[PDB]
There are 2 protein chains.
Amino acid sequence: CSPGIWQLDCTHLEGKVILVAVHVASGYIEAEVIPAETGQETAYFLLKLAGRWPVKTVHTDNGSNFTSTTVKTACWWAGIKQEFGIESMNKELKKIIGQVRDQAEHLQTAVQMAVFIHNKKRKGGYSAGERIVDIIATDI
Amino acid sequence: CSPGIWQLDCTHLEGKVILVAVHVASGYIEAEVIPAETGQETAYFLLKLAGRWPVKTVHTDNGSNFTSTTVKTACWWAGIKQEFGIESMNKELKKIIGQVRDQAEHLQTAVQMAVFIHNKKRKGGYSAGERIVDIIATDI
Ligand SMILES: [As]
Ligand SMILES: [As]
Ligand SMILES: [As]
Ligand SMILES: [As]
């Protein structure tokens with residue numbers, strides 16, 4: 001699929017919220033533990049993502065995630081569209097979080113350790129972190 | 001220079017702390033407004049950075065920035081070394097922040113807008129965001 005398509009959803013763990021972005025073409029992920037599910041936090045994450053990758057469109061599993069004017073303003077400013085109307089990651093990620101959870105005091109540390117492990121793991125046969133960079137560089 | 005060298009420093013603005021990472025070979029930046037200058041926040045940012053890019057070494061302008069065991073543990077786990085013993089960005093970035101500051105309520109929004117503007121600006125003649133991806137993909 002197109003190199004500009006992203007998936008953005010939130011999951012819950014230990015009473016906290018984890019924001020999870022997936023680059024659909026590569027399987028690369030970025031993730032953050034956020035205070036709670038707020039439009040303001042979603043908007044921040046979108047702006048950071050867009051300043052780093054060529055983000056064209058973002059899909060989500062919960063469309064109400066994007067209804068706040070803060071989110072719509074971020075998407076407007078960054079030139080991002082949404083699709084009005086991947087699972088192997090959110091499973092794998094929570095699996096990897098589980099494996100490393102006791103090795104870190106704060107969930108946020110375990111989450112970033114798990115993202116690192118996911119993006120560097122070679123499946124075949126590049127890693128997801130290698131694929132995204134190769135896909136983006138190629139499209140240039 | 002080598003594609004694995006990063007620069008990480010903190011600057012201050014409006015009573016808040018901005019963490020600024022620069023990919024030395026490309027001029028690409030990532031930045032975050034953080035509560036205050038804490039080892040814990042530095043460690044989080046390092047782990048996120050490392051899960052996304054092939055980070056080998058990080059330089060800083062304030063070596064005491066890296067003395068907390070939290071930071072040393074993050075660097076240990078991610079395989080990152082520091083150099084025991086770029087300015088055009090921190091100037092340009094605060095300049096760009098200034099230009100957009102009134103267009104956003106929170107400094108954190110202005111910071112991400114400024115990072116976006118910096119990484120997408122074409123100097124010549126790719127943008128910094130294009131250069132980093134091309135440098136990393138090539139080194140694969
Ligand atoms: As969400
Ligand atoms: As959007
Ligand atoms: As700092
Ligand atoms: As280090």
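Just so it is clear: chains get the letters A, B, ... in the order the sequence lines come, proteins before strands, and each one is counted from 1. Atom set for the values below is all heavy atoms of this structure, side chains included, hydrogens, waters and symmetry mates excluded.
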Between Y44(B) and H106(A), is there a side-chain heavy-atom distance shorter than 4.5 Å? yes
We want to know whether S64(B) and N62(B) form a side-chain donor-acceptor pair, criterion being a heavy-atom distance below 3.5 angstrom. yes
May I ask you to list the residues in residues 1-36 of chain B that approach chain A closer than 4.5 angstrom, counting heavy atoms only, ordered by number? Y28(B), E30(B), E32(B)
Best-contacting candidate, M113(B), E105(B), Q108(B), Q40(B), against chain A by heavy atom pairs under 4.5 angstrom: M113(B)
Listed by residue number, which members of residues 118-140 of chain B have a heavy atom under 4.5 Å from any heavy atom of chain A? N119(B), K120(B), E130(B), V133(B), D134(B), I136(B), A137(B), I140(B)
When rounded to the nearest 0.5 Å, the distance separating CZ of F45(B) from CD of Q112(A) is 11.0 Å
Say whether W53(A) and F116(B) are linked into one hydrophobic cluster, either directly or through other cluster members, by side-chain heavy-atom distances under 4.5 angstrom. no
Pairwise distance NZ(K48(A)) to OG1(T109(B)) - rounded to 0.5 angstrom: 11.0 Å
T67(A) side chain vs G63(A) backbone, donor-acceptor pair below 3.5 Å: no
Note, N65(B) side chain near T42(B) side chain (heavy atom, < 4.5 Å): no
In chain order, what residues pass the side-chain contact (heavy atoms from CB on, under 4.5 Å) check against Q99(A), with sequence neighbours excluded? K95(A), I96(A)
Within residues 70-94 of chain A, which positions have a heavy-atom distance to chain B below 4.5 Å? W77(A), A78(A)
Would you kindly confirm whether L47(A) and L49(A) end up in one hydrophobic cluster when ILVMFWY residues are joined by side chain heavy atoms under 4.5 Å apart? no
